[PDB]
2 protein chains.
Amino acid sequence: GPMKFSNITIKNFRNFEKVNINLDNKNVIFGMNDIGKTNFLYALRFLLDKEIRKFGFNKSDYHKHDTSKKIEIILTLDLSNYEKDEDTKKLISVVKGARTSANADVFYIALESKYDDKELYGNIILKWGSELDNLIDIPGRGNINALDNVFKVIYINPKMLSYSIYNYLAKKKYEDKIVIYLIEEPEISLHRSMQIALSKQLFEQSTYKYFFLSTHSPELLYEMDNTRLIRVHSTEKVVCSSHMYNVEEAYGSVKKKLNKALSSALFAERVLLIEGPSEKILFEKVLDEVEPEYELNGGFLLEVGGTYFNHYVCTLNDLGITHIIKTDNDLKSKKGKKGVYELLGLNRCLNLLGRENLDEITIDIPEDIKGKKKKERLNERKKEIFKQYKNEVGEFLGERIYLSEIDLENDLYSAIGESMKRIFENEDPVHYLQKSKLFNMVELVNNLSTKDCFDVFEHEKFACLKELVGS
Amino acid sequence: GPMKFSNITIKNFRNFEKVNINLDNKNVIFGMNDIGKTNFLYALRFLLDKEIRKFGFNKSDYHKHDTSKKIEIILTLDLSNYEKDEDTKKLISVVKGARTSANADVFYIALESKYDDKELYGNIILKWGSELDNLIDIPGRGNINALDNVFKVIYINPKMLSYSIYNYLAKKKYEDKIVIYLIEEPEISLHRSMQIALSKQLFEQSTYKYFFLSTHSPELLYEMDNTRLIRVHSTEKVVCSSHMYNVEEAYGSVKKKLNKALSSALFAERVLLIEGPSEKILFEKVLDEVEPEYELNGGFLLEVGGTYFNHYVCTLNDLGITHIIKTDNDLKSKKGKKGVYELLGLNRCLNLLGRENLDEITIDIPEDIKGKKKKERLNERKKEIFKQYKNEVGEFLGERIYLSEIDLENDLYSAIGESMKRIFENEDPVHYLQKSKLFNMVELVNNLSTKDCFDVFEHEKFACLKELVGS
């Protein structure tokens, strides 16, 4: 693989006590603690940009203003594909020596700084090379370091004209050096469509490579592909989590909706996954009637539709975001019917915990049986298979995965029984609600009372909302 | 009704040639031409804030730098409920005279300015009162005008602490004057959840009243209620459209999802309305395979689910946003079944054009007929009712409203027939796709080819995508 960033071990910086967060060329930093993201970007500027090193470090630049500690930010680089990667050649041409033949792939770039009290100016002492144990003397011919011929920081901070012309300027002038775009909040004066355009140029075109993107709007993350997403936790003590966000060719067709839905959820402290928009309407009504500040204390309703949760689960778990999923046990037929049914409702929850896909179970449904009787038989079979796999359901509850008894609507009817009958005035309100999920769900929500909302919220079969709200 | 702003007739300003856009206390300005929104906010500052009047007008402050023309911005106020509206008392206590007894409700506040060439300083000559024809001499005791005791502009431009403490400061200090918050892009350094919080305090709490909000992120418009949404058109010649955005008590329950979906669509030049997420997946795949820049040249996929389009149609039409709707003719039963069916697929399209709701039509479906035969009978009835109302369908095509022959999936099968059979390998792929819309639609999209996408795009039954793409 081409040359890629690997890790940065920021220690005793303005806010970073001791963090070793992985990197990979295309980087995205977001989340809480805007000062944390700003400090991370300025740490990269200190490690790579000469325009920031010359000012040195101050008393405030250290962690808790404690001048005793030493700033040590160590960028880690991975080198491979020497004969075809131009940037690898750019990095290894300037470095003369200090590269042990044992490990020609790894390359450290550290930055040691100790504060002196006789002058109140912490000197930036670059010490880069290939091994942490042994460092040779850096040339440092005056103000320009040897690193200055390799890594030049192009700082973008607000105007689409500048973004459009930086491509031309770098292509025609900065070919020799490696460009590292440290973009900090480019959504300041860009429209939603402008944010989409900038995301398309960033995450798809090769003109922006090795870029560190700071964003606060989900629109800038609509085209994420093989990047490294970095999320800063909400605590004042900065904790950052990293995840390779790459879409498989299986999800390539649905990549647009996948990214559009996941980008908004990336900024939520707690994310709840749902299948259909009727579930969205019901959960939104319940939350508005019990806790309208769910979006405020950290919450989201991620509508995934079909596909699988595997990509969503990996992305949400790697960033450390609270993981909540409520799903419906659905038995879908495939190829020849009448005895062929998959277990997507359960096959998903198995795939989230790994294991293996269940075989296509066979249900003996007579041909003459149809309509209400067929649905009753399917519900009985779903109840039987749910009662059979009690251990798997227990593991899902232990791993914050919620699976319905048969379907979501049956759980809703169990939580509130008389309210459904009063609203729909039918002997079988569940069947009527399944007849047209959207319109009937809207009608149910419009006539849904606060007491009914509280009953739904406090029921154990709807514990997803309780987990989303939190303490 | 309480005192409310009514209109501002900005003439010959920095970019506004001649515009008379309505106002109402809670105002939102967004869209293209960020300079246009900035000029509008500075026009309000000139008309109300003394901190901007003292600098006067410059050569650049006029339209096309033509000093011959005269700046004339005329704010229009509506006065009512005198005995209970404190702000009405605040406005009418300072004004002594100049209020004709014939019209005590309307109140103009103009601002005339002519450029002199002997000093190169356009004097701001305030002329306010109650009638355009006759104006009495304004007191103007020095630097502070008589208006300065009524309207004080609180300019907010980046930090949630300032927003939190402006409430306290205005409540404890600015009780006597009328506060007019001219908020310009508060999303500069606010998170998505912070934007939601600010929107909640703005559009719900009474502490922010008479505020002019400029936004570029849809997250700030998640709580819109009885405000006046102002959209600037994309042309360099500024055109602004206004609309009262108020939710009826019928839509109050679904208000959260309504606003969440509509806020994003508000920033799109062209908006296409869809019902289900499977439609979203299909349209996204087709667009990505024919025109990935649909989000760039102006486009959106508004998922409305159930409810009605009436609120959406009114909002999108009033702002002047291109209106595109693709819908499915669905016959939903109500109360006692077997002969009772509504025409939501057609009742909607009728309600969008006004008229009256069709009566609940009766379909003679025998009880023994079920499953495939019942669906076939329903499709035949839908085809018959579509062929019956050719004139209504022609009007919908004339008004950019697209109604399916029977359903969307049937139109998709008509557009591409062999591709569906190849992908699903079933004698009736449409029935299988309706069996589980989400998963089967995902499977179809994953195996959908570029030639099939082009065929779907160029077919007349999918003209919604062609209209969304445009020339």
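The figures follow:
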{"quantity": "Estimated vicinal HN-Hα couplings, Hz - the range B:2-15 in sequence order (Karplus 6.51, -1.76, 1.60; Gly, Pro = x)", "calculated": "x, 4, 9, 5, 10, 6, 10, 9, 7, 10, 6, 7, 3, 10"}
{"quantity": "Ranking of A:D407, A:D66 by count of other Cβ atoms within 10 Å, fewest first", "calculated": "A:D66, A:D407"}
{"quantity": "Backbone N under 20 Å from the B:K18 label point (7 Å along Cα→Cβ), restricted to the range B:97-124", "calculated": "B:109-115"}
{"quantity": "Zone residues, the range B:115-137, relative to B:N58, backbone N less than 19 Å from point 7 Å out along Cα-to-Cβ", "calculated": "B:115-125"}
{"quantity": "Reachable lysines from B:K387, criterion Cα separation under 22 angstrom, eight or more residues apart if same chain", "calculated": "B:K326, B:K332, B:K373, B:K374, B:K375, B:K461"}
{"quantity": "Candidate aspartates and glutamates for bridging to B:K69, where Cα separation is under 14 Å - those fewer than 8 sequence places away on the same chain excluded", "calculated": "B:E17, B:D61, B:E112, B:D116, B:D117"}
{"quantity": "The range A:199-274: GluC sites (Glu not before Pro) in DSSP coil with no more than 15 other Cβ atoms inside 10 Å", "calculated": "A:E204, A:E236, A:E248, A:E249"}
{"quantity": "Ascending count of other beta-carbon atoms within 10 Å, so fewest first, for A:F57, A:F40, B:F212", "calculated": "A:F57, B:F212, A:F40"}
{"quantity": "Position A:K171, label points 7 Å along Cα→Cβ, spacing to each other copy in nm (shortest first, one decimal)", "calculated": "5.7"}
{"quantity": "For chain B, convex hull of alpha carbons as volume per residue, Å³", "calculated": "187"}
{"quantity": "Whole-Å distance, taken between Cα centres, linking the range A:215-265 and the range B:338-400", "calculated": "43"}
{"quantity": "Whole-Å distance, taken between Cα centres, linking the range A:268-295 and the range B:177-205", "calculated": "23"}
{"quantity": "The range B:194-295: relative contact order in percent, alpha carbon pairs under 8 Å with at least 6 residues between", "calculated": "21"}
{"quantity": "Per-copy distances of the A:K84 label point, shortest first, in nm (7 angstrom along Cα→Cβ)", "calculated": "7.7"}
{"quantity": "Antiparallel DSSP beta bridges within chain B, as percent of all bridges there, nearest 5", "calculated": "50"}
{"quantity": "Rounded to 5, percent antiparallel among DSSP beta bridges of the protein assembly as shown", "calculated": "50"}
{"quantity": "Peptide A:436-448, shielding by other chains (average Cβ, 10 Å cutoff)", "calculated": "5"}
{"quantity": "Alpha carbon centroid spacing (whole Å) that separates the range A:136-163 from the range B:90-138", "calculated": "58"}
{"quantity": "Cβ-derived FRET efficiency at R0 30 Å, B:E51 paired with B:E236, nearest 0.05", "calculated": "0.55"}
{"quantity": "Considering only the range A:139-248, percent of DSSP beta bridges that pair antiparallel, nearest 5", "calculated": "40"}
{"quantity": "Unit charges at the beta carbon, dipole of the range B:16-135: most positive-side option, B:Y62, B:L44, B:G129", "calculated": "B:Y62"}
{"quantity": "Peptide-level mean, for A:187-197, of C-beta atoms on other protein chains within 10 Å", "calculated": "6"}
{"quantity": "Computed over the range A:371-436: relative contact order in percent, which uses C-alpha pairs under 8 Å that are six or more apart", "calculated": "22"}
{"quantity": "Cα centre as origin, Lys/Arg/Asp/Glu Cβ charges: the protein assembly as shown dipole, Debye", "calculated": "1700"}
{"quantity": "Within chain B, helix-based [θ] at 222 nm, where runs of 4 or more DSSP H residues each add -39,500 (n - 2.57), nearest 500", "calculated": "-11000 deg cm²/dmol"}
{"quantity": "Taking A:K382, B:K387 and counting other C-beta atoms within 10 Å, the order from fewest to most", "calculated": "B:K387, A:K382"}
{"quantity": "Which of B:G1, A:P277, A:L77, positive extreme of dipole for the protein assembly as shown (C-beta unit charges)", "calculated": "A:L77"}
{"quantity": "Close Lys-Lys pairs in the range A:182-299, where close means Cα under 14 Å and separation is 8 or more or interchain", "calculated": "4"}
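A short reminder: the numbers here are calculations on the coordinates, not readings from a lab. Counting neighbours? That spans all protein chains shown, and the Cβs are built from the backbone with ideal geometry, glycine included.
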